[PDB]
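A.B. asks: First residue of the sequence shown: 22, per PDB author numbering; consecutive thereafter.
Beta carbons: idealized from backbone N, C-alpha and C, even for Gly.
Could you have a look at this structure, given as structure tokens, before my questions?
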Amino acid sequence: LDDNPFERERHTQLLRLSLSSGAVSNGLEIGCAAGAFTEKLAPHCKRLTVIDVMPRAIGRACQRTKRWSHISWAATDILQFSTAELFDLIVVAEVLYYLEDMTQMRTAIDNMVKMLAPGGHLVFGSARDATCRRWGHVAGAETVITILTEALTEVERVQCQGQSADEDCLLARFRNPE
Numbered sequence: 022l023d024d025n026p027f028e029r030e031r032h033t034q035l036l037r038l039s040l041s042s043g044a045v046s047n048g049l050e051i052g053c054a055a056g057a058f059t060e061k062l063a064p065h066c067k068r069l070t071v072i073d074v075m076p077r078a079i080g081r082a083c084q085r086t087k088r089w090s091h092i093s094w095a096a097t098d099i100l101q102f103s104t105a106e107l108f109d110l111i112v113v114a115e116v117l118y119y120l121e122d123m124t125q126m127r128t129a130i131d132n133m134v135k136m137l138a139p140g141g142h143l144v145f146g147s148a149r150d151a152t153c154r155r156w157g158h159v160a161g162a163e164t165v166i167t168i169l170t171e172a173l174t175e176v177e178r179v180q181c182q183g184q185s186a187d188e189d190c191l192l193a194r195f196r197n198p199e
């Protein structure tokens, strides 16, 4: 799905935002789909850790990025996961579909904040509130962006009104105040 234009643009914005501070020491990617984005991010991270509830998704994404030796993978979700070294970039571009209510949502967000380095950046993207609403995911971009703003400083956003009904989404970039 390289040459479908919408995904092309979304990946480019995600990367642009992720890149804005120069190279990342220690990055976290949350959810990894087929490894398309990990492949673009790995080269700009001194260390990259990728977390994904779905093991078979990891078997696959790992193939894709075999060439780099500074990536590691965890079969776990953002509620259950925790690190010992903070992250200067957390990317969360995947609908956290496994989040069943606002309390899971609120908790997931706290964990992300707990793992941001100082002046670390959190880049978020997802289908807006109403596409997610359409699919049983409780909430999406605007609700998450309201909660993230409580803890973090929004630096920038971009909106990706692509093609179909599904293809319309919002990305925002937050700084963790030092």
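Short check: CB of residue 176 to CB of residue 195, under 8 Å?
C.D. replies: yes
A.B. asks: Mind the definition here: the segment 74-87 touches the segment 135-144 only if three or more C-beta pairs lie below 8 Å; say whether that holds.
C.D. replies: no
A.B. asks: Starting from the N-terminal side, write out each stretch of the alpha helix (DSSP H) that is 4 residues or longer and does not extend beyond the segment 40-110.
C.D. replies: If only uninterrupted alpha helix (DSSP H) runs of at least 4 residues are considered, those enclosed by the segment 40-110 are 59-62, 76-85.
A.B. asks: Using three-state DSSP, classify residue 178 as helix, strand or coil.
C.D. replies: strand
A.B. asks: Would you please state the rounded distance, in angstroms, between the beta carbons of residue 162 and residue 190? I believe it to be under 8 Å.
C.D. replies: 7 Å
A.B. asks: Per DSSP, what kind of secondary structure is residue 36 in: helix, strand or coil?
C.D. replies: helix
A.B. asks: How many angstroms separate the CA atom of residue 100 from the CA atom of residue 146?
C.D. replies: Roughly 18 Å between the two C-alpha positions.
A.B. asks: Please classify residue 197: is it buried, with 16 or more other beta-carbons within 10 angstroms of its beta-carbon, or exposed?
C.D. replies: Buried.
A.B. asks: With distances taken Cα to Cα, identify the nearest neighbour of residue 8 among 141, 98, 85.
C.D. replies: Examination of residue 8 is not possible in this model, given that the chain is present from 22 through 199 alone.
A.B. asks: What's the gap between the Cα of residue 70 and the Cα of residue 170?
C.D. replies: 24 Å
A.B. asks: Give the range of the beta strand (DSSP E) segment to which residue 189 is assigned.
C.D. replies: Run containing residue 189: 189-196, per the beta strand (DSSP E) assignment.
A.B. asks: Determine whether the beta carbon atoms of residue 130 and residue 168 lie at a separation below 8 Å.
C.D. replies: yes
A.B. asks: Just how far apart, CA to CA, sit residue 87 and residue 122?
C.D. replies: 36 Å
A.B. asks: Considering only the alpha carbon of each residue, which of 65, 102, 114, 98 lies closest to residue 90?
C.D. replies: 65
A.B. asks: If you follow the beta strand (DSSP E) that residue 169 is in, where does it begin and where does it stop?
C.D. replies: Premise fails: residue 169 lies in the alpha helix (DSSP H), 162-172, not in any beta strand (DSSP E).
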